[PDB]
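>>> experimental structure and sequence below, a few questions after.
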Amino acid sequence: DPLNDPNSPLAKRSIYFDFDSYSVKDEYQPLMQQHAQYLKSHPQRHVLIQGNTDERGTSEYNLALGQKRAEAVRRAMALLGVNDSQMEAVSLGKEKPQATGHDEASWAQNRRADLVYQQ
């Protein structure tokens with residue numbers, strides 16, 4: 001399975017965002033296409049799409065922002081013909097920071113949406 005191959009273009013599972021943005025930049029079209037193709041061709045495969053934010057701003061603000069990030073990714077794959085039934089958009093807000101520093105580098109790493117492929 002390509003989903004288990006670390007050299008497959010499918011190994012890349014994170015989309016990053018600008019400050020305060022939920023726009024999925026153009027550079028991510030081929031990655032969305034790769035994942036979409038995998039999904040459409042494997043009807044049984046389910047992906048959890050988790051939106052994350054950096055720590056700046058309110059708990060509620062960043063929960064809402066994280067949601068919009070996960071939805072932006074789902075939507076981009078929706079548009080490529082993936083069934084809604086294989087996709088779930090959720091938000092972790094600022095609660096699961098991947099980098100734990102308090103600077104531009106850590107924040108940028110946390111303004112992120114991950115494709116979490118289900119067992």
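That came through fine. Residues are numbered from 1 along each chain as shown.
>>> from here on, contacts and neighbour counts on C-alpha atoms
Noted.
>>> please, where are all the strands along the protein?
Along the chain, the segments classed as strands by DSSP state E run 14-16, 47-52, 87-93, 112-117.
>>> now the helices: where do they sit in this protein?
29-41, 59-79, 104-110 (DSSP state H).
>>> as CSV, those with distance to residue 51 and mean neighbour count would be great.
CSV is the format used below for the helices of the chain (distance: least, Cα to Cα, whole Å; neighbours: other Cα atoms under 10 Å):
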stretch, distance to residue 51, mean neighbour count
helix 29-41, 15, 16
helix 59-79, 4, 21
helix 104-110, 9, 16
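>>> dump those helices into TSV; add distance to residue 49 as well.
Putting the helices of the chain into TSV (distance: least, Cα to Cα, whole Å) gives the following:
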stretch	distance to residue 49
helix 29-41	12
helix 59-79	6
helix 104-110	14
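>>> closest to residue 93 out of the ones you listed?
Among these, helix 59-79 comes nearest to residue 93, with 3.9 Å by Cα to Cα.
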